[PDB]
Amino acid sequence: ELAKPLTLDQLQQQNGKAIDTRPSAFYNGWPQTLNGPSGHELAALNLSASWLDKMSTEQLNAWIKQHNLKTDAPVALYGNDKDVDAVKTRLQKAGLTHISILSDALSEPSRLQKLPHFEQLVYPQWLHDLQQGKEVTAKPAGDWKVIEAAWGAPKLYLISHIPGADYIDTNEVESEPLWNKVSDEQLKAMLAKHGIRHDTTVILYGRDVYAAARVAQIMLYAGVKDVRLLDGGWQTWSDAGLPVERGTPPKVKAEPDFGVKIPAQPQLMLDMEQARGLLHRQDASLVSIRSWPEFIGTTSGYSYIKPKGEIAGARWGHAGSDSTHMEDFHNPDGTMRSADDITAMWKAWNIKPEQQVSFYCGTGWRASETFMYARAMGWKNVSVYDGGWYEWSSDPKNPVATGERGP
């Protein structure tokens, strides 16, 4: 059973921590109802009851230690009753000894904290409701498109996809020889074919978030003003049990006139020499979003990239276990991890919002995901260095760092 309830001020006086047991969408800032409260209590941690069946004892234990919860320091939970009880039970089994309810949680909307642009990382019920013609928070200001992105021709999309979702093949936005973005003229044709003007809202999802992210960032470069991602991609829609549609992509009405000159935001993409110029500075960071084996030089990550090693002077931004995973940015349900947590992860390696920051990996997909998360987090000067390791290392004169090493 729960300890004595605590108000936030009592919690602060007793040096405790608040834990928001709601899904991350609500933690991030999505209101649970129209004009409803937006965000989480100050310095709150997010442990969503919905993640518990995907977190082992080890995983929860690591999470407790990584957030500096002391066994006997008060923790005050909030959210719905059932989610609060589920969290309480696991935390008790993990050995926390002072678990209470935060009795005034969410009662003062003006004191809550949120992702500066949480509305860029959407969630399934929002998108269903949008589709159904309901009023939603942060509604698209005008026309909108929902689009699944994956490599190659539609595969899983044919079996199942989000109702009314188009499909983009990532090969429409990037190509040989270097898996850099196709030309400004080719993006113009791709935008037109997918019914996208600069003032069209685009919501992108993939089986893998980074596929969506990559399309997304390249559309932001071109000039689509309002581009967003389904947070956690397809598996969140699947998990929610919402309706699906099947079969080939339906006809989309083309938009032959984009309505501004492409690229409207060239600064969001950096070339080799721009990337080079960030290195060895405190006011900028060129950031490797590659697995640690990539980063130290054990492997290149890619069957088609012979060289091994890292851009010398690049700072490690974390990423995932191999070249096609992104665990270091995901919660157990595949959604973006807490901004406070990403922020501390990057700060430990001297990566900070006040710097000019550019992310890269082997060819750009993982860097695109981190780009979109930093955008949602309010980071004002971020980009992707497209060519990345494949480009960097294709010239033997570029400097390469190797081996285990710290900040």
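Residue numbers here begin at 1 and follow the sequence given.
Averaged over Cα atoms, the B-factor as recorded in the entry is higher for 174 to 182 than for the other of 81 to 89 and 174 to 182. If you average the C-alpha B-factors over 6 to 14 and over 395 to 403, the higher value belongs to 395 to 403. Going by the entry's values, 310 shows the largest Cα B-factor out of 310, 327, 148, 226. Taking the PDB entry at face value, the top CA B factor among 343, 35, 350, 368 belongs to 350.
Residue 64 sits in the lowest third of its chain by CA B factor, as recorded in the PDB entry. For residue 304, the recorded CA temperature factor ranks within the highest third of the chain's modelled residues. Among the modelled residues of its chain, residue 120 has a C-alpha B-factor that falls in the lowest third according to the deposited record. In the PDB entry, residue 220 places in the lowest third of its chain by CA B-factor. Among the modelled residues of the chain, residue 332 sits in the lowest third by CA temperature factor in this PDB entry.
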